[PDB]
$ cat data_39.cif   # mmCIF, C-alpha atoms
data_coords
loop_
_atom_site.label_atom_id
_atom_site.label_comp_id
_atom_site.auth_asym_id
_atom_site.auth_seq_id
_atom_site.Cartn_x
_atom_site.Cartn_y
_atom_site.Cartn_z
CA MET A 1 47.76 -150.73 143.10
CA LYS A 2 51.10 -150.42 144.41
CA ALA A 3 51.98 -146.94 145.62
CA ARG A 4 55.75 -146.46 145.79
CA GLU A 5 57.11 -143.33 147.48
CA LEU A 6 59.70 -141.67 145.32
CA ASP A 7 63.16 -140.47 146.40
CA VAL A 8 61.49 -137.13 147.04
CA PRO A 9 59.30 -137.81 150.14
CA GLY A 10 55.67 -136.79 149.63
CA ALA A 11 55.55 -137.86 145.98
CA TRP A 12 54.37 -141.32 144.89
CA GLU A 13 54.28 -143.52 141.84
CA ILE A 14 50.95 -145.33 141.60
CA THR A 15 50.43 -148.40 139.40
CA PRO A 16 46.77 -149.51 138.96
CA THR A 17 45.11 -152.89 138.77
CA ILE A 18 43.99 -153.20 135.14
CA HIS A 19 41.10 -155.53 134.42
CA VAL A 20 41.21 -156.74 130.82
CA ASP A 21 38.41 -158.47 128.98
CA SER A 22 36.84 -158.92 125.50
CA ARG A 23 35.53 -155.33 125.54
CA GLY A 24 38.96 -153.81 126.18
CA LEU A 25 40.08 -152.65 129.63
CA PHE A 26 39.01 -150.75 132.80
CA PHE A 27 40.56 -149.51 136.02
CA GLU A 28 40.16 -147.38 139.12
CA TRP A 29 42.40 -144.33 138.55
CA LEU A 30 41.56 -143.15 142.05
CA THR A 31 39.64 -144.40 144.99
CA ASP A 32 39.18 -142.68 148.30
CA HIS A 33 40.10 -145.90 150.18
CA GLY A 34 43.21 -146.37 148.00
CA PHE A 35 44.46 -142.78 148.18
CA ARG A 36 43.85 -142.43 151.91
CA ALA A 37 46.15 -145.47 152.36
CA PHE A 38 49.29 -143.74 151.13
CA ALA A 39 48.55 -140.02 151.38
CA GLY A 40 47.01 -140.43 154.86
CA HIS A 41 43.99 -138.24 154.04
CA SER A 42 41.39 -137.84 151.30
CA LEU A 43 42.04 -135.75 148.15
CA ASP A 44 39.53 -132.93 147.76
CA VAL A 45 39.49 -132.33 144.10
CA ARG A 46 38.76 -128.68 143.41
CA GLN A 47 39.97 -128.70 139.79
CA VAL A 48 40.93 -131.17 137.01
CA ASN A 49 43.11 -130.21 134.05
CA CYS A 50 43.81 -131.74 130.71
CA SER A 51 46.44 -131.16 128.10
CA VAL A 52 47.60 -132.69 124.81
CA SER A 53 51.24 -132.19 123.78
CA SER A 54 53.31 -132.88 120.65
CA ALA A 55 56.74 -134.52 120.83
CA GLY A 56 59.31 -132.52 122.78
CA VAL A 57 57.11 -130.03 124.70
CA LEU A 58 57.89 -129.29 128.35
CA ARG A 59 55.41 -127.87 130.87
CA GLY A 60 56.95 -126.85 134.22
CA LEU A 61 58.40 -126.49 136.70
CA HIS A 62 55.39 -125.29 138.77
CA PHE A 63 54.38 -124.76 142.43
CA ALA A 64 51.65 -123.12 144.51
CA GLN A 65 52.57 -121.15 147.70
CA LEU A 66 51.74 -123.24 150.76
CA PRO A 67 48.64 -121.87 152.52
CA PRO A 68 46.59 -124.04 150.39
CA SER A 69 49.38 -124.92 147.80
CA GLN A 70 48.09 -127.36 145.11
CA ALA A 71 48.46 -131.13 145.30
CA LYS A 72 48.43 -132.94 141.93
CA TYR A 73 47.36 -136.52 140.90
CA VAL A 74 48.77 -136.92 137.39
CA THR A 75 48.33 -139.47 134.57
CA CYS A 76 48.89 -139.99 130.83
CA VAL A 77 45.90 -141.42 128.90
CA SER A 78 47.53 -141.35 125.37
CA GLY A 79 51.18 -141.17 124.29
CA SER A 80 53.95 -140.88 126.94
CA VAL A 81 55.49 -138.25 129.25
CA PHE A 82 58.55 -138.14 131.49
CA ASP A 83 57.17 -136.49 134.63
CA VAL A 84 59.41 -134.92 137.29
CA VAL A 85 58.96 -133.84 140.93
CA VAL A 86 61.41 -131.47 142.77
CA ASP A 87 61.84 -130.93 146.51
CA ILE A 88 61.69 -127.14 146.85
CA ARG A 89 60.84 -127.27 150.54
CA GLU A 90 63.75 -125.50 152.17
CA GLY A 91 64.86 -127.23 155.39
CA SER A 92 64.07 -130.70 153.93
CA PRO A 93 66.88 -133.32 153.90
CA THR A 94 66.12 -133.92 150.20
CA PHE A 95 66.03 -130.22 149.41
CA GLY A 96 67.08 -129.69 145.76
CA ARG A 97 66.56 -133.34 144.78
CA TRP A 98 64.27 -134.62 142.00
CA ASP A 99 62.79 -137.90 140.81
CA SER A 100 60.85 -138.93 137.69
CA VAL A 101 58.09 -141.38 136.72
CA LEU A 102 57.11 -142.51 133.22
CA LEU A 103 53.41 -141.91 132.44
CA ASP A 104 52.05 -143.71 129.36
CA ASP A 105 49.01 -145.50 127.90
CA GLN A 106 50.77 -148.89 128.32
CA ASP A 107 51.46 -149.20 132.08
CA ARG A 108 49.06 -146.32 132.92
CA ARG A 109 50.86 -145.16 136.06
CA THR A 110 50.19 -142.04 138.04
CA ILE A 111 52.31 -139.67 140.11
CA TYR A 112 50.83 -137.99 143.21
CA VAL A 113 52.65 -134.78 144.08
CA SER A 114 51.76 -133.39 147.45
CA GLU A 115 51.59 -129.80 148.66
CA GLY A 116 54.56 -127.48 148.27
CA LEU A 117 56.54 -129.50 145.70
CA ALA A 118 57.44 -128.52 142.12
CA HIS A 119 56.24 -130.58 139.19
CA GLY A 120 56.73 -130.78 135.38
CA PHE A 121 56.69 -133.13 132.38
CA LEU A 122 58.14 -133.62 128.93
CA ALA A 123 55.99 -135.26 126.26
CA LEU A 124 57.83 -138.04 124.37
CA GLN A 125 55.25 -138.62 121.64
CA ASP A 126 52.68 -136.72 119.52
CA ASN A 127 49.10 -136.65 120.94
CA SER A 128 50.30 -137.09 124.55
CA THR A 129 47.33 -136.39 126.81
CA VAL A 130 47.94 -135.64 130.49
CA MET A 131 45.05 -135.44 132.91
CA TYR A 132 45.41 -134.30 136.47
CA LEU A 133 43.38 -133.80 139.61
CA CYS A 134 44.15 -130.79 141.81
CA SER A 135 43.44 -130.00 145.47
CA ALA A 136 43.10 -126.26 144.78
CA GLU A 137 41.67 -124.25 141.91
CA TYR A 138 44.22 -122.53 139.71
CA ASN A 139 45.35 -119.26 141.27
CA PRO A 140 47.63 -117.03 139.12
CA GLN A 141 48.53 -114.93 142.16
CA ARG A 142 49.94 -117.82 144.19
CA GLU A 143 51.37 -119.93 141.36
CA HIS A 144 55.06 -119.66 140.54
CA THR A 145 57.66 -121.18 138.27
CA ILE A 146 61.23 -122.40 138.44
CA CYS A 147 63.04 -122.76 135.14
CA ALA A 148 62.96 -126.42 134.04
CA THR A 149 66.61 -126.52 132.95
CA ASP A 150 67.98 -124.71 136.00
CA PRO A 151 71.63 -125.72 136.49
CA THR A 152 71.31 -126.20 140.29
CA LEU A 153 68.51 -128.73 139.91
CA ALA A 154 70.17 -130.20 136.80
CA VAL A 155 67.16 -132.31 135.91
CA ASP A 156 68.16 -135.01 133.48
CA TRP A 157 65.53 -134.32 130.86
CA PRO A 158 65.57 -136.69 127.93
CA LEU A 159 65.39 -135.08 124.47
CA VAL A 160 63.23 -136.36 121.60
CA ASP A 161 65.01 -136.59 118.26
CA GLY A 162 68.05 -135.11 120.01
CA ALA A 163 65.97 -131.96 119.68
CA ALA A 164 65.77 -129.27 122.38
CA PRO A 165 62.46 -128.74 124.25
CA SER A 166 59.45 -126.63 123.15
CA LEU A 167 58.11 -124.49 126.04
CA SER A 168 55.55 -121.72 126.68
CA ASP A 169 56.69 -118.08 127.01
CA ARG A 170 56.22 -117.91 130.80
CA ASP A 171 58.04 -121.25 131.36
CA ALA A 172 60.95 -120.05 129.15
CA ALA A 173 61.33 -116.84 131.18
CA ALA A 174 61.01 -118.60 134.54
CA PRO A 175 63.39 -117.52 137.30
CA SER A 176 66.21 -119.61 138.68
CA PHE A 177 66.00 -121.63 141.86
CA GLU A 178 68.49 -119.47 143.81
CA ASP A 179 66.55 -116.43 142.33
CA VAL A 180 63.29 -117.95 143.83
CA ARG A 181 64.99 -119.15 147.03
CA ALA A 182 66.45 -115.73 147.79
CA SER A 183 63.08 -114.08 147.02
CA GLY A 184 61.51 -116.09 149.82
CA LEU A 185 58.80 -117.77 147.79
CA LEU A 186 59.72 -121.42 148.41
CA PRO A 187 57.74 -123.54 150.86
CA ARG A 188 59.31 -124.55 154.17
CA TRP A 189 59.62 -128.28 155.03
CA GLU A 190 58.29 -127.71 158.59
CA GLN A 191 55.19 -125.82 157.50
CA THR A 192 54.18 -128.23 154.69
CA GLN A 193 54.32 -131.13 157.11
CA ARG A 194 52.19 -129.22 159.65
CA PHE A 195 49.64 -128.41 156.90
CA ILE A 196 49.63 -132.09 155.86
CA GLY A 197 49.72 -132.96 159.57
CA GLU A 198 46.23 -132.14 159.51
CA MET A 199 44.21 -135.15 158.61
CA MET B 1 32.46 -122.87 128.62
CA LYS B 2 28.86 -123.95 128.03
CA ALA B 3 26.68 -126.07 130.36
CA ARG B 4 23.40 -127.07 128.77
CA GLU B 5 20.74 -128.98 130.75
CA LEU B 6 19.58 -131.99 128.83
CA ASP B 7 15.93 -132.96 128.20
CA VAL B 8 16.28 -135.13 131.30
CA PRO B 9 16.53 -132.60 134.18
CA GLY B 10 19.57 -133.07 136.40
CA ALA B 11 21.87 -134.03 133.54
CA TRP B 12 24.03 -131.57 131.61
CA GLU B 13 26.20 -131.31 128.48
CA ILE B 14 29.42 -129.41 129.15
CA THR B 15 31.62 -127.90 126.42
CA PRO B 16 35.04 -126.58 127.57
CA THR B 17 37.00 -123.55 126.54
CA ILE B 18 39.96 -125.13 124.67
CA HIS B 19 43.20 -123.13 124.60
CA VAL B 20 45.26 -124.04 121.51
CA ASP B 21 48.86 -123.05 120.94
CA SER B 22 52.09 -124.40 119.39
CA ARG B 23 52.48 -127.09 122.10
CA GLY B 24 49.05 -128.53 121.41
CA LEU B 25 46.19 -127.73 123.73
CA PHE B 26 44.84 -127.48 127.23
CA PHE B 27 41.63 -127.01 129.11
CA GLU B 28 39.98 -127.14 132.51
CA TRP B 29 37.91 -130.32 132.48
CA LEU B 30 36.43 -129.36 135.87
CA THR B 31 36.63 -126.33 138.09
CA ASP B 32 34.78 -125.98 141.36
CA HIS B 33 33.68 -122.44 140.38
CA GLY B 34 32.32 -123.72 137.05
CA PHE B 35 30.58 -126.90 138.36
CA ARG B 36 28.86 -125.12 141.24
CA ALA B 37 27.32 -122.73 138.65
CA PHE B 38 25.09 -125.41 137.15
CA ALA B 39 25.01 -128.22 139.70
CA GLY B 40 24.51 -125.65 142.48
CA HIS B 41 26.98 -127.41 144.81
CA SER B 42 30.53 -128.76 144.73
CA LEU B 43 31.40 -132.25 143.33
CA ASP B 44 32.78 -134.47 146.12
CA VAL B 45 35.01 -136.76 144.11
CA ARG B 46 35.45 -140.04 145.96
CA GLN B 47 36.38 -142.15 142.94
CA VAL B 48 37.57 -141.73 139.29
CA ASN B 49 37.15 -144.55 136.75
CA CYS B 50 38.82 -145.20 133.44
CA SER B 51 37.97 -147.54 130.56
CA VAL B 52 39.11 -148.14 126.95
CA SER B 53 36.69 -149.82 124.50
CA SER B 54 36.78 -151.31 120.98
CA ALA B 55 34.13 -150.45 118.39
CA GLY B 56 30.61 -151.57 119.29
CA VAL B 57 31.10 -152.09 123.05
CA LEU B 58 28.18 -151.05 125.32
CA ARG B 59 28.52 -150.44 129.10
CA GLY B 60 25.27 -149.73 131.02
CA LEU B 61 22.65 -148.98 131.87
CA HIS B 62 23.85 -148.38 135.48
CA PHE B 63 22.46 -146.58 138.57
CA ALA B 64 23.20 -146.33 142.29
CA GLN B 65 20.60 -146.58 145.08
CA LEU B 66 19.83 -143.28 146.87
CA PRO B 67 21.36 -142.40 150.02
CA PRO B 68 23.75 -141.30 148.48
CA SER B 69 23.64 -142.71 144.89
CA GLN B 70 26.50 -141.87 142.46
CA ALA B 71 26.76 -138.77 140.38
CA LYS B 72 29.07 -138.99 137.35
CA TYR B 73 31.09 -136.40 135.41
CA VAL B 74 31.98 -138.20 132.20
CA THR B 75 34.31 -137.53 129.23
CA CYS B 76 36.05 -139.13 126.23
CA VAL B 77 39.82 -138.49 125.89
CA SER B 78 40.44 -140.68 122.78
CA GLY B 79 38.09 -141.93 120.05
CA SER B 80 34.30 -141.36 120.54
CA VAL B 81 31.25 -142.67 122.43
CA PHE B 82 27.48 -142.06 122.30
CA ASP B 83 26.52 -141.46 125.93
CA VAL B 84 22.98 -141.92 127.27
CA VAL B 85 21.23 -140.74 130.48
CA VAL B 86 17.76 -142.14 131.47
CA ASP B 87 15.32 -140.68 133.98
CA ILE B 88 14.49 -143.60 136.29
CA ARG B 89 13.13 -141.41 139.05
CA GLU B 90 9.59 -142.51 139.85
CA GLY B 91 7.19 -139.54 139.90
CA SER B 92 9.36 -137.32 137.63
CA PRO B 93 7.44 -135.68 134.73
CA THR B 94 10.17 -137.08 132.46
CA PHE B 95 10.02 -140.55 133.97
CA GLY B 96 11.22 -143.10 131.37
CA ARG B 97 12.82 -140.54 129.09
CA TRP B 98 16.40 -140.46 127.81
CA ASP B 99 18.88 -138.14 126.11
CA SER B 100 22.35 -138.51 124.61
CA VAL B 101 25.58 -136.55 124.22
CA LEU B 102 28.49 -137.35 121.89
CA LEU B 103 31.79 -137.51 123.75
CA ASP B 104 34.99 -137.45 121.70
CA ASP B 105 38.61 -136.18 121.42
CA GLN B 106 37.46 -133.52 118.88
CA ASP B 107 34.96 -131.37 120.79
CA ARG B 108 35.86 -132.84 124.21
CA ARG B 109 32.43 -132.49 125.78
CA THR B 110 31.34 -133.88 129.13
CA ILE B 111 28.00 -135.15 130.46
CA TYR B 112 27.31 -134.64 134.18
CA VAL B 113 24.75 -137.15 135.56
CA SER B 114 23.26 -136.42 138.98
CA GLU B 115 22.23 -138.77 141.75
CA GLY B 116 19.46 -141.21 140.97
CA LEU B 117 19.72 -141.37 137.15
CA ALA B 118 20.84 -144.23 134.92
CA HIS B 119 23.79 -143.97 132.59
CA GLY B 120 25.46 -145.83 129.73
CA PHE B 121 27.62 -145.42 126.62
CA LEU B 122 28.41 -147.10 123.30
CA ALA B 123 31.94 -146.90 121.88
CA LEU B 124 31.97 -145.81 118.20
CA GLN B 125 35.68 -146.38 117.54
CA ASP B 126 38.67 -148.54 118.47
CA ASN B 127 40.73 -147.08 121.40
CA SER B 128 37.83 -145.11 122.96
CA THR B 129 38.94 -144.01 126.44
CA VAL B 130 36.35 -142.83 128.94
CA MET B 131 37.15 -141.28 132.21
CA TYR B 132 34.69 -140.32 134.89
CA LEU B 133 34.60 -138.69 138.26
CA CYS B 134 32.22 -140.18 140.84
CA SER B 135 30.66 -138.76 144.00
CA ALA B 136 30.64 -142.21 145.67
CA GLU B 137 33.09 -145.10 145.76
CA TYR B 138 31.93 -148.14 143.83
CA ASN B 139 29.57 -150.18 145.98
CA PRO B 140 28.44 -153.50 144.38
CA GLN B 141 25.59 -153.89 146.86
CA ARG B 142 23.87 -150.66 145.84
CA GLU B 143 24.68 -150.55 142.10
CA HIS B 144 21.96 -151.95 139.91
CA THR B 145 21.56 -152.32 136.16
CA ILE B 146 18.73 -151.94 133.65
CA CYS B 147 19.05 -153.69 130.32
CA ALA B 148 20.35 -151.18 127.76
CA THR B 149 17.99 -152.31 125.00
CA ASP B 150 14.90 -152.49 127.23
CA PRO B 151 11.86 -152.12 124.94
CA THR B 152 10.15 -149.60 127.28
CA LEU B 153 13.13 -147.23 127.20
CA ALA B 154 13.69 -147.76 123.47
CA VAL B 155 17.02 -145.99 123.52
CA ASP B 156 18.17 -145.30 119.99
CA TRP B 157 21.64 -146.88 119.89
CA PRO B 158 23.68 -145.90 116.81
CA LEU B 159 25.17 -148.97 115.21
CA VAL B 160 22.45 -150.98 113.80
CA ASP B 161 24.93 -150.04 111.06
CA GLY B 162 26.76 -153.36 111.15
CA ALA B 163 26.63 -155.48 114.23
CA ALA B 164 24.75 -156.12 117.43
CA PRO B 165 26.64 -154.43 120.28
CA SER B 166 29.18 -156.10 122.63
CA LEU B 167 28.44 -156.36 126.36
CA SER B 168 29.61 -158.00 129.60
CA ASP B 169 27.74 -160.90 131.24
CA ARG B 170 26.15 -158.70 133.96
CA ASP B 171 24.89 -156.02 131.49
CA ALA B 172 23.71 -158.79 129.10
CA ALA B 173 21.60 -160.36 131.81
CA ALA B 174 20.37 -157.06 133.19
CA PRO B 175 16.76 -157.03 134.32
CA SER B 176 14.31 -155.07 132.24
CA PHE B 177 12.81 -151.83 133.58
CA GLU B 178 9.35 -153.15 134.70
CA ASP B 179 11.35 -155.92 136.39
CA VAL B 180 13.26 -153.14 138.28
CA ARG B 181 10.32 -150.79 138.92
CA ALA B 182 7.98 -153.35 140.41
CA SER B 183 10.86 -154.52 142.70
CA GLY B 184 10.99 -151.00 144.06
CA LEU B 185 14.67 -150.34 143.57
CA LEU B 186 14.21 -147.14 141.54
CA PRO B 187 14.93 -143.71 143.03
CA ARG B 188 11.95 -141.45 143.73
CA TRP B 189 11.96 -138.01 142.09
CA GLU B 190 10.79 -136.25 145.27
CA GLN B 191 13.56 -137.73 147.41
CA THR B 192 16.43 -137.25 144.90
CA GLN B 193 15.54 -133.58 144.79
CA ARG B 194 15.36 -133.35 148.59
CA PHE B 195 18.89 -134.92 148.68
CA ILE B 196 20.19 -132.46 146.03
CA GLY B 197 18.25 -129.30 146.92
CA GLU B 198 20.04 -129.74 150.29
CA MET B 199 23.56 -128.56 148.46
#
$ encode --input "data_39.cif" --output "structure tokens"
Amino acid sequence: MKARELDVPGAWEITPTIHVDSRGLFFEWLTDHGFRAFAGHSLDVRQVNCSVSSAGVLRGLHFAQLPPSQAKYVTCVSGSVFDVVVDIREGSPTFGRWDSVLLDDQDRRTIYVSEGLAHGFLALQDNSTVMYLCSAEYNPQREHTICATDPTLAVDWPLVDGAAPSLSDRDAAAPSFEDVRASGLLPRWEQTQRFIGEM
Amino acid sequence: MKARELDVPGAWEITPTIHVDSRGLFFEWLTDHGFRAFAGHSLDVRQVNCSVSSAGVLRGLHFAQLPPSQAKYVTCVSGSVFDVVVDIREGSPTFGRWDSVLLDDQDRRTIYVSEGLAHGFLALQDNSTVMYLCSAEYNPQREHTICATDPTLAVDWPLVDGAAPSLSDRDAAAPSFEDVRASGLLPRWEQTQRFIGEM
């Protein structure tokens, strides 16, 4: 429990309070009281996803179109991943900027990624399990991708054994950011804030 | 997927559809559409807990007082645990009965435990991580315990294949089940169902 807003506003690194005893350890990954503190409203969890990745695999970068969009509360429960958030909300003063947080089974952090941002992660270890809560159910029709290695975003992805990333087919064929920007599919800063402006 | 009501009504074993590819694997641990199918309403997630346990460690048996008690959607993401649900609902035709499901990082099952039941699990391996979604925030004043080895329940714990099990001070001193029934702290079958059959 310290929630630390990232350099992209609307995305937070959460560190839990870990109680350790003879049995091992426990913690609160999420509490309504705790989340409400920093996000300003309660998370309604409409889906939770799980994945396990081998070293070097990259999933992202993903977003959901704004009327609902899809907020994400994301943690690593085995191995480690380098997780990245991107400000795709045209009009925003951090538009085009990204930040990362390190999710592992040692510090056990979480990133919360609010509505209308893009998100992705690179596994750094075999048997890297990522679990994440979502505010909307998966919707193929309103989910989109931006290529993870886009040169305008120029995300500083680490590489494993100096080895290039393993991605899915759809992630590998993802359009470019100025290809998605021009096609009108990015969220607007003003309209995300009004949707979150609900409470 | 597969949701299979246990021999205690109101508790279910869930098996996911696991997509495997070159990156590893992924699945939907929960979807609203899928949960509603069997529970008959949506899970209001107000807390998510996480624990990691060494071999032989036993946590439970726990229940929450009705209005509004604490339903639990529970899974193992590393190692394995033997998970037990007990019907503590006075008046129920299965009053005093229990069932188990095996949660592990092989089959990746889940047990859903509705309002007014008691729940516990035994870790069968080092580095056994359990995560669970909860319909209520933790409330110490309304959470009660029943001794896990209560002779009336006679739960069949699997590791009188070595050692006695390892517990915390509160679970070790938990009151037995006639201690808890005569003190009138148990849910009533009729009123758990009125709370649930309300959706």
$ interface_residues --input "data_39.cif" --of "chain A" --to "chain B" --cutoff "8 Å" --atoms "only C-alpha atoms" --output "ChimeraX atom specification"
/A:23-32,44-54,57,77-78,129,137,166-168
$ residues_near_point --input "data_39.cif" --point "(9.9, -137.6, 135.5)" --cutoff "12 Å" --atoms "all atoms listed in the file" --output "list in words"
residues 7, 8, 9, 10, 86, 87, 88, 89, 90, 91, 92, 93, 94, 95, 96, 97, 98, 116, 117, 187, 188, 189, 190, 192 and 193 of chain B
$ write_last_selection --input "data_39.cif" --atoms "C-alpha atoms" --output "PDB file, in the frame of the given file"
ATOM      1  CA  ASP B   7      15.930-132.960 128.200  1.00  0.00           C
ATOM      2  CA  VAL B   8      16.280-135.130 131.300  1.00  0.00           C
ATOM      3  CA  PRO B   9      16.530-132.600 134.180  1.00  0.00           C
ATOM      4  CA  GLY B  10      19.570-133.070 136.400  1.00  0.00           C
ATOM      5  CA  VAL B  86      17.760-142.140 131.470  1.00  0.00           C
ATOM      6  CA  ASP B  87      15.320-140.680 133.980  1.00  0.00           C
ATOM      7  CA  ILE B  88      14.490-143.600 136.290  1.00  0.00           C
ATOM      8  CA  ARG B  89      13.130-141.410 139.050  1.00  0.00           C
ATOM      9  CA  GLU B  90       9.590-142.510 139.850  1.00  0.00           C
ATOM     10  CA  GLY B  91       7.190-139.540 139.900  1.00  0.00           C
ATOM     11  CA  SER B  92       9.360-137.320 137.630  1.00  0.00           C
ATOM     12  CA  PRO B  93       7.440-135.680 134.730  1.00  0.00           C
ATOM     13  CA  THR B  94      10.170-137.080 132.460  1.00  0.00           C
ATOM     14  CA  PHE B  95      10.020-140.550 133.970  1.00  0.00           C
ATOM     15  CA  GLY B  96      11.220-143.100 131.370  1.00  0.00           C
ATOM     16  CA  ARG B  97      12.820-140.540 129.090  1.00  0.00           C
ATOM     17  CA  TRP B  98      16.400-140.460 127.810  1.00  0.00           C
ATOM     18  CA  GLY B 116      19.460-141.210 140.970  1.00  0.00           C
ATOM     19  CA  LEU B 117      19.720-141.370 137.150  1.00  0.00           C
ATOM     20  CA  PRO B 187      14.930-143.710 143.030  1.00  0.00           C
ATOM     21  CA  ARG B 188      11.950-141.450 143.730  1.00  0.00           C
ATOM     22  CA  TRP B 189      11.960-138.010 142.090  1.00  0.00           C
ATOM     23  CA  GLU B 190      10.790-136.250 145.270  1.00  0.00           C
ATOM     24  CA  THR B 192      16.430-137.250 144.900  1.00  0.00           C
ATOM     25  CA  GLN B 193      15.540-133.580 144.790  1.00  0.00           C
TER      26      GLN B 193
END
$ resolve_selection --input "data_39.cif" --expression "the PyMOL selection byres ((chain A and resi 106) around 9)" --output "list in words"
residues 77, 78, 79, 80, 103, 104, 105, 107, 108 and 109 of chain A
$ closest_residue --input "data_39.cif" --among "A:147, A:142, A:183, A:152" --to "residue 169 (chain A)" --atoms "only C-alpha atoms"
A:147
$ resolve_selection --input "data_39.cif" --expression "the PyMOL selection byres ((chain B and resi 119) around 8)" --output "list in words"
residues 60, 61, 62, 63, 83, 84, 85, 86, 113, 117, 118, 120 and 121 of chain B
$ write_last_selection --input "data_39.cif" --atoms "C-alpha atoms" --output "compact mmCIF listing (two decimals), in the frame of the given file"
# COMPACT_ATOMS: atom_id res chain seq x y z
CA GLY B 60 25.27 -149.73 131.02
CA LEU B 61 22.65 -148.98 131.87
CA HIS B 62 23.85 -148.38 135.48
CA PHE B 63 22.46 -146.58 138.57
CA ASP B 83 26.52 -141.46 125.93
CA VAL B 84 22.98 -141.92 127.27
CA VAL B 85 21.23 -140.74 130.48
CA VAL B 86 17.76 -142.14 131.47
CA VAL B 113 24.75 -137.15 135.56
CA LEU B 117 19.72 -141.37 137.15
CA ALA B 118 20.84 -144.23 134.92
CA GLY B 120 25.46 -145.83 129.73
CA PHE B 121 27.62 -145.42 126.62
$ atom_distance --input "data_39.cif" --atom1 "CA of residue 36 (chain A)" --atom2 "CA of residue 68 (chain B)"
20.4 Å
$ residues_around --input "data_39.cif" --residues "residue 180 (chain B)" --least-positions-apart "4" --cutoff "9 Å" --atoms "all atoms listed in the file" --output "MDAnalysis selection string"
chainID B and resid 144:146 175:176 184:186
$ closest_residue --input "data_39.cif" --among "A:153, A:6, A:14, A:81" --to "residue 178 (chain A)" --atoms "all atoms listed in the file"
A:153
$ resolve_selection --input "data_39.cif" --expression "the PyMOL selection byres ((chain B and resi 114) around 9)" --output "list in words"
residues 10, 11, 12, 39, 69, 70, 71, 72, 73, 112, 113, 115, 116, 117 and 196 of chain B
$ atom_distance --input "data_39.cif" --atom1 "CA of residue 76 (chain A)" --atom2 "CA of residue 151 (chain A)"
27.4 Å
$ atom_distance --input "data_39.cif" --atom1 "CA of residue 125 (chain B)" --atom2 "CA of residue 101 (chain B)"
15.6 Å
$ decode --input "data_39.cif" --residues "region 1-14 of chain B" --atoms "N, CA and C atoms" --output "PDB file, in the first residue's frame"
ATOM      1  N   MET B   1     -15.820 -24.145 -21.075  1.00  0.00           N
ATOM      2  CA  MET B   1     -15.591 -24.342 -19.610  1.00  0.00           C
ATOM      3  C   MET B   1     -16.470 -25.472 -19.093  1.00  0.00           C
ATOM      4  N   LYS B   2     -16.479 -25.645 -17.777  1.00  0.00           N
ATOM      5  CA  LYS B   2     -17.310 -26.637 -17.103  1.00  0.00           C
ATOM      6  C   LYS B   2     -17.537 -26.091 -15.687  1.00  0.00           C
ATOM      7  N   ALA B   3     -18.795 -25.892 -15.300  1.00  0.00           N
ATOM      8  CA  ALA B   3     -19.150 -25.583 -13.912  1.00  0.00           C
ATOM      9  C   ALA B   3     -20.013 -26.741 -13.407  1.00  0.00           C
ATOM     10  N   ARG B   4     -19.608 -27.301 -12.272  1.00  0.00           N
ATOM     11  CA  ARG B   4     -20.139 -28.545 -11.773  1.00  0.00           C
ATOM     12  C   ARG B   4     -20.503 -28.305 -10.290  1.00  0.00           C
ATOM     13  N   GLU B   5     -21.801 -28.320  -9.959  1.00  0.00           N
ATOM     14  CA  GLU B   5     -22.217 -28.082  -8.595  1.00  0.00           C
ATOM     15  C   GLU B   5     -21.694 -29.228  -7.772  1.00  0.00           C
ATOM     16  N   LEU B   6     -21.144 -28.887  -6.628  1.00  0.00           N
ATOM     17  CA  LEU B   6     -20.618 -29.857  -5.695  1.00  0.00           C
ATOM     18  C   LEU B   6     -21.743 -30.542  -4.944  1.00  0.00           C
ATOM     19  N   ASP B   7     -21.398 -31.500  -4.091  1.00  0.00           N
ATOM     20  CA  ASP B   7     -22.397 -32.224  -3.276  1.00  0.00           C
ATOM     21  C   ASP B   7     -22.983 -31.353  -2.163  1.00  0.00           C
ATOM     22  N   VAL B   8     -22.293 -30.265  -1.844  1.00  0.00           N
ATOM     23  CA  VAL B   8     -22.852 -29.163  -1.076  1.00  0.00           C
ATOM     24  C   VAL B   8     -23.456 -28.166  -2.070  1.00  0.00           C
ATOM     25  N   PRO B   9     -24.777 -27.999  -2.103  1.00  0.00           N
ATOM     26  CA  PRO B   9     -25.394 -27.014  -2.994  1.00  0.00           C
ATOM     27  C   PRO B   9     -24.938 -25.581  -2.709  1.00  0.00           C
ATOM     28  N   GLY B  10     -24.697 -24.825  -3.765  1.00  0.00           N
ATOM     29  CA  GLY B  10     -24.252 -23.459  -3.637  1.00  0.00           C
ATOM     30  C   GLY B  10     -22.746 -23.326  -3.743  1.00  0.00           C
ATOM     31  N   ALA B  11     -22.062 -24.431  -3.993  1.00  0.00           N
ATOM     32  CA  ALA B  11     -20.636 -24.430  -4.263  1.00  0.00           C
ATOM     33  C   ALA B  11     -20.370 -25.196  -5.542  1.00  0.00           C
ATOM     34  N   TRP B  12     -19.424 -24.695  -6.356  1.00  0.00           N
ATOM     35  CA  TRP B  12     -19.188 -25.200  -7.694  1.00  0.00           C
ATOM     36  C   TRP B  12     -17.689 -25.366  -8.044  1.00  0.00           C
ATOM     37  N   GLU B  13     -17.388 -26.449  -8.761  1.00  0.00           N
ATOM     38  CA  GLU B  13     -16.072 -26.644  -9.364  1.00  0.00           C
ATOM     39  C   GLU B  13     -16.096 -26.155 -10.805  1.00  0.00           C
ATOM     40  N   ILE B  14     -15.192 -25.234 -11.101  1.00  0.00           N
ATOM     41  CA  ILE B  14     -15.037 -24.616 -12.397  1.00  0.00           C
ATOM     42  C   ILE B  14     -13.730 -25.073 -13.050  1.00  0.00           C
TER      43      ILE B  14
END
